[PDB]
Every structure is written in structure tokens, then in C-alpha cells.
């Protein structure tokens, strides 16, 4: 069918203008001030912005981790993303040594198939870069459409890879046109500190932060950057949380190296003091890299404003406070690491970022949608509002005041780390490929509506 969205203000990464948008089937087919569309359903967007749907490049739905499994699966997690104004996600497909990459990819398709309500791609974890793995990456990149590869530099004995793996992966990625993502903390420094903490009887949630100091994130960021330059490759640093890491990324980019950075709402608006909340409440805020001294936030906002960081992802990795986070009572090393971030990413960036003059409204689109599509090979199918693009559009009311709460969220988790936060901005309706997923804050989509996105090889934005 045709849909004619009228009387709204389109805002993209470049443009801001009043016009109507005509959708035919899955795609935008016209934009204009006087289209006189026949036989289209009229959607009234008076008082709204039309935004390109957010694309969250950093999700962990139905992920085995921390001795348990994340509490949103592909159905609940994508539904919560859609309520939060996000229309595509790119989730991390994890691998184990000795298992083929393709088997892990099949496992991830089976997590999503028939369950996702909006569109999804996958990244692929590389645990080690043995010759068989390196050979396998060719069809992964070219045929499976997975063109970003994740290397974890922390989580020793669980996800951690070493310098040989990371350097080989960067060399191979350059050959194949893949982007290499890193989780950049020094896992060996962290392993020693956490063990020392526990030996001293320091077991409360706050020691999750103290045992991962920012210098450890800075060091691993710099190491990944050096190996990227030595490979002439392209690097994407996920969840940059601190000024130490920002400085290193800024220096690398001034040298003209192809180094990109992401940050996340939790590092913008939350700080290390949240982990001190008594009665185990601090465990709600345990995720890695840890929350930082509050002064780091403004350095992150500056880096987004001045183009040193290019994207915002959620690192959505939810565990209930009851039962799951409680695995870590008495031992912070056993608290499953991760927060429930997918749903509030867009609104927090608008309300704390745009409305406070930290970034522009056009930058907000670039960082939440367009630059993410471009770095992850989904542009221009996704990430904009333009003729020929999938009709993945959010009707957003910037005037609504509301309080973020577990009482009104849609993530399948028993708390919200932004509980009580006042924001402006409300996601009213959400289209995915021209079909409504959310309409007037009610879910009208369905399990399995979402489709897998085969992503293109890397091109610089």
C-alpha cells in the first residue's frame, strides 16, 4: 500500500525541511510540498519530526554471558528498540575456538528468524585467527554480508583475543573490505586487579569500576590503533567511555588513520557514583568498560560535537536485577556485565544532547542513524529519508515531557538504569519498510516481520 505522511518536519543528517513523504510498498518514492497522492493512507505528522529510524550497531540479544543469558531475546529486544525509535540493529554473533565461523552464524540466524520485529544485521566475533578462520572469512564477508569483525581485548578466558589475533584479523579485514571492531580494555591488567580486589575482601559492585581503570581502556585503545596503522586497516572502537581513549582516537584521526569511535548513552549521562548505590543496587550499573568520573561525559559530548566519535550504540546486554545480577552477590566478578539501554538511546541523545546544545539536531541523526549505516555497509538502503531508501521512519514529538521508568518501558528486564530521568521527546509511531511497527505508542507489528540485512564491504564515509 501507499502511505502519505503529511505536515511533518523531515530532519536528516544534512537536511531540515517541511514536506510530505510518500511511501509505496517498502520504500520512499516521493517527497514534496504538494504531491496530491492518490489512493494513499494519510498519516498526520503535524507537530512531529520525521527522523530516519535509529540504527543501533551494538546489541547483544539472547546472548549467553556472565553465567546466564541476556533477558531480551530477538523478539522482545527488537520490539523495545522499535518503541525507542530504533528500526535496525546490528547484533554480535559470538564464536568459540575450534568451532567454524559459519556454524556460529547459523546459530545467530536461528535466534532471530521468525522473531525480530525490525531489521537486523550481524557482526562476527573473532576469537583466533588461525589459517582456517582466515580462509573462512572470505565467504563470511562476501556471501553472508557480515562485514564487521569484533575482537575482544578483555574478558580473559572467556572472549579475550591477543595481539596476534587482532593484527592478523586487521590484515585480513583490509584485504576483504571488513571493518574491525574492538572492545578495548587491557584484559591482563583487569584480570590481575580483579583477583587482587577479591583477595583483599573487596567484593562490592563498586570494585567492578576500580579494577578497570580508564588507563587500561586508554592503553588497549592505543594498542588497537597502532596495529591498525601497521596493517593500514580500518578500526571501530566500540563503547569509548573516557577522555584517555578519546585523546588517542583524536590523535590517530589527525594522522589520517581510518579509526572511528562509538559511545553509548550510559557513558554520557551516568557516572561511577551509580555503582556505590547501597543494598546491591550498584549491580544494576555493572557493565564494561565501567562508568567513569563524571567529568569524562563532557569530553565524550565534545568528541561527538566535533566529529572525533561518529556513532552512538546502546551495548544493550540486559540482565534482571533479581536472580541474574544476584549471581554476583558477594563477588562483583560474577555479576553478569551489561545494561538495559536499547530503548532509551534515541530519546536520551535528543533530550540531553540536542536540547542542551551539545550536538545539533542534524548531528543527532548522523550519530544515531546515518553514520552508523555508512560505517556498517547499510547505506543508503537504511539510515536516511530519501527517495529509494527503505521507509524506516520515526514520528517523534520533541515537546512531550516524560519520566523514564521500568513501569513504562518495553525491555524484558526488571529495572531501568535511567529510572526517574526526566526527558523531552516521545517516539509516537515507527515504520519499518513502510509498515507500522509502533503506531501511537501501541505495538502493531509482529514477530518475524524483521529481515536480515546483508551488508556491503567497507567504504569510508
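Positions refer to the first chain, counted from 1.
Higher mean CA temperature factor, per the PDB entry, when comparing 448-456 with 13-21: 13-21. Checked against the record, the higher mean CA B factor of 367-375 and 98-106 lies with 98-106.
The maximum CA B-factor among the listed residues 380, 218, 121, 339, taken from the PDB record, is found at 380. Within the group 62, 34, 56, 392, the record's highest C-alpha temperature factor is found at 34.
The PDB entry assigns residue 150 a C-alpha temperature factor belonging to the lowest third of its chain's modelled residues. The PDB entry assigns residue 133 a C-alpha temperature factor belonging to the highest third of its chain's modelled residues. Sorting the modelled residues of the chain by their CA temperature factor places residue 66 in the highest third. In the PDB entry, residue 331 places in the highest third of its chain by CA B-factor.
In this PDB entry, residue 47 carries a Cα temperature factor that places it within the highest third of its chain's modelled residues.
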